[PDB]
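All remarks here apply to the structure that follows.
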Amino acid sequence: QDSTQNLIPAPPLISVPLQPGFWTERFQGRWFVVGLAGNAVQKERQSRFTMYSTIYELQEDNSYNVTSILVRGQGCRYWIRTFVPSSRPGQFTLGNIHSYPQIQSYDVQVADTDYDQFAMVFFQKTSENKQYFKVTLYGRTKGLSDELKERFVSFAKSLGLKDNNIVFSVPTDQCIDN
Numbered sequence: 001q002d003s004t005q006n007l008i009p010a011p012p013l014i015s016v017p018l019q020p021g022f023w024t025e026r027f028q029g030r031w032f033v034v035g036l037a038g039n040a041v042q043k044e045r046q047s048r049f050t051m052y053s054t055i056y057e058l059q060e061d062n063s064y065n066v067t068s069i070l071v072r073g074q075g076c077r078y079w080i081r082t083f084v085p086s087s088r089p090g091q092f093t094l095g096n097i098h099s100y101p102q103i104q105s106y107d108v109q110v111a112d113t114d115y116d117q118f119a120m121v122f123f124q125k126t127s128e129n130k131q132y133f134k135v136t137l138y139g140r141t142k143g144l145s146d147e148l149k150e151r152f153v154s155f156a157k158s159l160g161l162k163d164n165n166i167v168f169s170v171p172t173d174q175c176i177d178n
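Numbering (PDB author numbering) for the sequence shown: 1 to 178.
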């Protein structure tokens, strides 16, 4: 990090469509990263990025306790946070973002999410006039066909980004397989 001090074609939430049949519970469970795009993506040359699980678990008031998994220190560790439906279900903000110091706005849009099929998401993080934005490829398991992955890189370009900021899900050698 701290090198990409330049923002690419930074699209607002409003550039990205919503799942036309969005339901709280159809966005609950473990989703694996099967691809990643974005100017805030650490796309060095190969793939500095590595897949993790965004595990959105519903609470009483559709605040998701999302279990992110990271290789922290010299081992594996889950970092769990809250994802809450923003102004509309589909736009995702943080259950605890709302005390942000620098965060201009945080809203993610899932273009398509399914119970068996895969999910493509646009993530918008703004901070200090600097927009950090990426397009993700999430899968219902460690076994999502290359077909849907190529579709994400294509969606990556739809926001105005380039392959040079799009990496492919590295099979992490560490905890993540939930």
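Backbone N, C-alpha and C fix where the C-beta goes; we use that ideal spot for every residue, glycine too.
Taking a 10 Å sphere around the C-beta of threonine 172, we find 16 or more other C-beta atoms and assign the residue as buried. Contact between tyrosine 56 and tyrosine 64 holds: CB atoms are separated by about 4 Å, below the 8 Å threshold.
The shortest CA-to-CA distance from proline 9 to any of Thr126, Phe133, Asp116 is the one to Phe133. When the Cα atoms are used, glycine 143 and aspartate 116 turn out to be separated by approximately 11 Å.
Pairing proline 12 with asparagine 178, the inter-Cα distance amounts to about 32 Å. Within the same chain, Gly139, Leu144, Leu148 come within 6 Å of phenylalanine 118 by CB-CB distance, once the 5 residues on both sides are set aside.
At least 9 Å separates the beta-carbon of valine 108 from that of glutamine 131. Under the DSSP assignment, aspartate 116 falls outside any beta strand (DSSP E); it carries neither an H nor an E label. Contact annotation: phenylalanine 152 and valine 34 have beta-carbon atoms nearer than 9 Å. With a contact defined as Cβ atoms closer than 8 Å, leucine 36 and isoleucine 166 qualify at about 7 Å. Bounds of the alpha helix (DSSP H) holding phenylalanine 152 are 146–158. DSSP places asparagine 65 in the uninterrupted beta strand (DSSP E) bounded by 64–70. Around the beta carbon of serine 169, 16 or more other beta carbons lie within 10 angstroms, which makes this residue buried. Between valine 110 and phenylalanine 22, the C-beta spacing is below 9 Å. Secondary structure note for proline 85: its beta strand (DSSP E) is the uninterrupted segment 77–85.
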